[PDB]
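To start, the structure itself, in structure tokens.
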Amino acid sequence: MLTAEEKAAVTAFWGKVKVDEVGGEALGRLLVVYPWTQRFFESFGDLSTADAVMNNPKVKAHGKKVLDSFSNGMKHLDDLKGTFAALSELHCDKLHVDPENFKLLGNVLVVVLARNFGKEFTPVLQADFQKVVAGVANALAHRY
Amino acid sequence: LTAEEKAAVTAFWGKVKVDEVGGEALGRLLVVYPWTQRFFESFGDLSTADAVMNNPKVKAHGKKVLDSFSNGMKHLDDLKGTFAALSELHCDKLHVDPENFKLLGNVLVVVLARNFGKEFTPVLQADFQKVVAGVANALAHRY
Amino acid sequence: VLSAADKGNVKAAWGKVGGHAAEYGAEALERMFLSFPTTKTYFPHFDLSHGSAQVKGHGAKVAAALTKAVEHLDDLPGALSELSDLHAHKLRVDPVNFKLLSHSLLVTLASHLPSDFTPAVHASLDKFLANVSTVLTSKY
Amino acid sequence: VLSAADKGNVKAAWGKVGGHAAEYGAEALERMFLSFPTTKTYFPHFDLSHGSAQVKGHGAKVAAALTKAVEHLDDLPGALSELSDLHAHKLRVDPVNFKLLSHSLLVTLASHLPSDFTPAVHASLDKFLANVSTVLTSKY
Ligand code: HEM
Ligand code: HEM
Ligand code: HEM
Ligand code: HEM
Numbered sequence: 002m003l004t005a006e007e008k009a010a011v012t013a014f015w016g017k018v019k020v021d022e023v024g025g026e027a028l029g030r031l032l033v034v035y036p037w038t039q040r041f042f043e044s045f046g047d048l049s050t051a052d053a054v055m056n057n058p059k060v061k062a063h064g065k066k067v068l069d070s071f072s073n074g075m076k077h078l079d080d081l082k083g084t085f086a087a088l089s090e091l092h093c094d095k096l097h098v099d100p101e102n103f104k105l106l107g108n109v110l111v112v113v114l115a116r117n118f119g120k121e122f123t124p125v126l127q128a129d130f131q132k133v134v135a136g137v138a139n140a141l142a143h144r145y
Numbered sequence: 003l004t005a006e007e008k009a010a011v012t013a014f015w016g017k018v019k020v021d022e023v024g025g026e027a028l029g030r031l032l033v034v035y036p037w038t039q040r041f042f043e044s045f046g047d048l049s050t051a052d053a054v055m056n057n058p059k060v061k062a063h064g065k066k067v068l069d070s071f072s073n074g075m076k077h078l079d080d081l082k083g084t085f086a087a088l089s090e091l092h093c094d095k096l097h098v099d100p101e102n103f104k105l106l107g108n109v110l111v112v113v114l115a116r117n118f119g120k121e122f123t124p125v126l127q128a129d130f131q132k133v134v135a136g137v138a139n140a141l142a143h144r145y
Numbered sequence: 001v002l003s004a005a006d007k008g009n010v011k012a013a014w015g016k017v018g019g020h021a022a023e024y025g026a027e028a029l030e031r032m033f034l035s036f037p038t039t040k041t042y043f044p045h046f047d048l049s050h051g052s053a054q055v056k057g058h059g060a061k062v063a064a065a066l067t068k069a070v071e072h073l074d075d076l077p078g079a080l081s082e083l084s085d086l087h088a089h090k091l092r093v094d095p096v097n098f099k100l101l102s103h104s105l106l107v108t109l110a111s112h113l114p115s116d117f118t119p120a121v122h123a124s125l126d127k128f129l130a131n132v133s134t135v136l137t138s139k140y
Numbered sequence: 001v002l003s004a005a006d007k008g009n010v011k012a013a014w015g016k017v018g019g020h021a022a023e024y025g026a027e028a029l030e031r032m033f034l035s036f037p038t039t040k041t042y043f044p045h046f047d048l049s050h051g052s053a054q055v056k057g058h059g060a061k062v063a064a065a066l067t068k069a070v071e072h073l074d075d076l077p078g079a080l081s082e083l084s085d086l087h088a089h090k091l092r093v094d095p096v097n098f099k100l101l102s103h104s105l106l107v108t109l110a111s112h113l114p115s116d117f118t119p120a121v122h123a124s125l126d127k128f129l130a131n132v133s134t135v136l137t138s139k140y
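Going line by line, the protein sequences match chains B, D, C and A.
Per the deposited numbering, the first sequence starts with residue 2, numbered consecutively.
Per the deposited numbering, the second sequence starts with residue 3, numbered consecutively.
Per the deposited numbering, the third sequence starts with residue 1, numbered consecutively.
Per the deposited numbering, the fourth sequence starts with residue 1, numbered consecutively.
Put into structure tokens, the structure is as follows:
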């Protein structure tokens, strides 16, 4: 769990930053950096090159929904398990995603925040976001 | 585990030698995954495979580890509660990365296979994989 | 990147396996599918029930590839080139699954070769299977 | 093994890092220690406070090793032989921790080189750091 000071820091940062392209970038980078993850996204069409992945409209659209889910998590940090229970079932029982991949996407998201937000994404603030993405990954893995 | 699965693992576990299997599992962890030796500096000579496997402190510690597993086997509906104290020790005091809990569980499964052969069936092994995953998750909880 | 000692242990262990390699491959697959049911989703066209001729047949193929690896420990990338393309490019097998099969193979070997499966041999076989896994995922 | 394209990307990225390598090494260590506090237990002899001389100095050493790796991409095992023995045999570093430092390095590079840190470059640097990590844990 985050301390009060940490929760305040992540909340203030998340408030100010423009994040409507962050999810798409994170999913795209997941698919490029960890190519086995493409197995799960066959219906999204052309993922054959890095440029195809990053310019794929379905990748961008899906990434936005994924980050919307993360943003929902950020509003319920006291009960991530409850927040992600239904999504946990979907990812385990229906989609067959190994939970190691939840940690990978969380870490990619952190890299994307660093790339987009420069000096304000300090070592202290990043450490706070590492707690959040670990919390989300643990909640998504719970039903496994 | 289901009640019928719990019964199956309980009957099999009845057969396990408490004096030997734990020592073998810990010894194999230290040989196969040598970074784990970092946590056992005080145990003396771990410099070779034969030294590890014949080290009395490894055998003695392995017996305690298996005793803990045996305790887990009697509380399969509340592994979290059962392993709370050990979780504090391993996480807060020893700083063991939780990936290593999975490794030791899997080594134990290999040791059960080596010791019990055809009786350690694919079905029974699958049940024990659930148990050792449960134990690892319970030990990791304080992270 | 296996050491001389590891290569020695792997060749000797696989010699002891001998004509049982295909049987042990089938058992390892069965153990993987039962212990780790998610792995079944790579084989949607298979009957994966006990005694399936598809599991038997696939286990034989996996074992034959491991035999080829044991005979070419100095050049696993070349020997397994076709298999690397299949697993990484075509099938997009998640790297975690190689650890699950490798564990399943060690359980199987320990079961059948209890006198031969010493701590040192266990360590060598673990490294061997990790090396094979690394090659089959080398496109990643 | 790194592809020719990956090697190109790694050399170009490290060129852009240029004179900042030691600074970025120190920042990556700080990010590792703050994000993943278990890693601090390898450095009980350090003052781990922000800006400490030991963290700055160690960051410079890590950066120097990465520079040596970038200059010897065709033979990382030879170039990093001494470091492999240190990390695996003497220090017994848990392999998990290499992923934590590697992530910390990618966060640092993305932070400072946002225009240069493309998806393809990210992928190449990830593979580079994994390869360095594999060499330093090669005794395992
Ligand atoms: C923190 C991590 C993750 C979160 C929060 C998350 C969240 C979501 C959400 C919210 C959806 C449904 C979006 C909708 O309304 O349509 C979804 C679908 C999906 N997720 Fe995830 N996800 C995560 C990680 C992953 C990973 C790592 C993979 C695979 C490597 C994955 C694969 C999928 C797939 C395949 C779908 C269905 C896509 C389709 O409609 O065809 N997820 N995820
Ligand atoms: C399922 C996994 C594990 C179980 C059930 C287990 C169980 C135990 C138990 C019962 C003790 C005795 C504590 C006491 O007497 O108060 C102990 C101590 C210890 N365990 Fe584990 N353990 C596990 C995994 C690990 C792993 C993976 C490591 C290291 C890689 C580790 C390192 C230690 C150490 C260093 C001690 C203290 C030894 C000493 O100096 O006396 N354990 N463990
Ligand atoms: C030591 C590791 C492995 C070896 C040596 C191995 C070997 C093989 C071989 C020899 C084939 C048949 C090639 C052909 O007929 O063209 C094959 C196919 C296949 N392998 Fe593997 N494999 C390994 C790991 C895995 C893992 C971990 C998975 C998934 C969990 C997997 C899934 C498959 C699938 C789905 C096929 C195609 C089956 C079909 O549809 O006919 N393999 N493997
Ligand atoms: C890319 C990965 C890494 C590189 C390039 C690297 C590089 C180095 C270098 C150059 C040294 C100094 C060697 C000398 O003075 O002769 C060193 C020492 C050390 N490294 Fe690493 N390292 C890496 C990963 C790690 C990780 C993951 C850990 C632990 C979390 C770690 C812990 C240490 C420790 C404890 C020392 C000894 C410090 C001392 O003597 O004061 N290293 N490393």
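The C-beta atom is built at its ideal place from N, Cα and C for all residues, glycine as well.
Note on B/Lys66: under 16 other CB atoms within 10 angstroms of its CB, so exposed under the neighbour-count rule. In the structure shown, C/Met32 falls within a helical segment according to DSSP collapsed to helix, strand and coil. Measuring C-alpha to C-alpha distances from D/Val125 to each of C/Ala22, C/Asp6, C/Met32, C/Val93 identifies C/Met32 as the nearest. Ligand 3 has no heavy atom closer than 8 Å to the beta-carbon of A/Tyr42. Excluding five sequence positions before and after B/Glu90, the CB atoms of its chain that fall closer than 7 Å to its own CB belong to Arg144, given in chain order. Scanning its chain for C-beta atoms nearer than 8 Å, with the 5 sequence neighbours on each side dropped, one finds around A/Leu113 the residues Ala13, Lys16, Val17, in chain order.
Distances from the CB of C/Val132 to the heavy atoms of ligand 3 include at least one below 8 Å.
Pairing B/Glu121 with B/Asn57, the inter-Cα distance amounts to about 30 Å. Excluding five sequence positions before and after A/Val62, the CB atoms of its chain that fall closer than 6 Å to its own CB belong to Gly25, given in chain order.
The beta carbon of B/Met55 falls within 9 Å of a beta carbon belonging to chain A, placing the residue at that interface. Against chain A, the beta carbon of D/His63 has no neighbour under 8 Å; the closest one sits roughly 17 Å away.
When DSSP states are grouped into helix, strand and coil, D/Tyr35 belongs to the coil group. B/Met2: not part of any alpha helix (DSSP H); DSSP gives it neither H nor E. In the three-state reduction of the DSSP assignment, D/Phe45 falls in the helix class. Look at C/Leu73 here: in three-state DSSP terms it is coil, with no helix or strand label. With respect to chain D, the C-beta atom of A/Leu91 has a partner C-beta closer than 9 Å.
Residue range 96-112 is occupied by the alpha helix (DSSP H) that includes A/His103. Under the 10 Å beta carbon count, A/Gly59 is surrounded by 16 or more other beta carbons and is classified as buried. One alpha carbon belongs to B/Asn117, the other to A/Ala110, and they sit about 8 Å apart.
Within the segment 94-114 of chain D, contact with chain A at the beta-carbon level (separation under 8 Å) is assigned to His97, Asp99, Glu101, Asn102.
By the neighbour-count criterion, in which a residue is buried when 16 or more other Cβ atoms sit within 10 angstroms of its Cβ, D/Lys17 is exposed.
The beta-carbon distance between C/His50 and C/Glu27, rounded to whole angstroms, is 10 Å. This is too long to meet the 8 Å contact definition. Rounded to whole angstroms, the Cβ separation of B/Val133 and A/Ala123 is 25 Å, and the two are not in contact under 8 Å. Interface flag for A/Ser81 against chain B is unset, since no Cβ pair is found closer than 9 Å.
The three-state secondary structure of B/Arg30, taken from DSSP, is helix. Comparing alpha carbon positions, the residue from A/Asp6, A/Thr108, A/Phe98, A/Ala120 closest to A/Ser138 is A/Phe98.
The Cβ atoms of C/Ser133 and C/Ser102 sit closer than 9 Å to each other. When Cβ-Cβ separations below 9 Å define contact, A/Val1 makes contact with chain C. Leaving aside the five residues that flank C/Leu76 on each side, the residues in its chain whose CB is nearer than 7 Å to its CB run, in chain order, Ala69, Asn131, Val132, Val135. Along the length of the segment 55-133 of chain B, whole alpha helix (DSSP H) runs at least 4 residues long occupy 58-75, 81-90, 101-118, reported in chain order. By the beta-carbon neighbour count (other beta carbons within 10 angstroms, threshold 16), D/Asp79 is exposed.
Taking a Cβ-Cβ cut-off of 8 Å, the neighbours of C/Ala110 in chain D comprise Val112, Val113, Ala115, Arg116, given in sequence order. For A/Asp6, the enclosing alpha helix (DSSP H) begins and ends at 4-17. At a cut-off of 8 Å, the beta-carbon of B/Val98 does not count as near ligand 2: no heavy atom of the ligand is closer than that. For the segment 114-125 of chain C, the residues whose beta carbon sits under 9 Å from a beta carbon of chain D are, in order, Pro114, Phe117, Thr118, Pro119, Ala120, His122, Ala123. Residue side-chain check: D/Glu7 keeps its Cβ at 8 Å or more from all non-hydrogen atoms of ligand 4.
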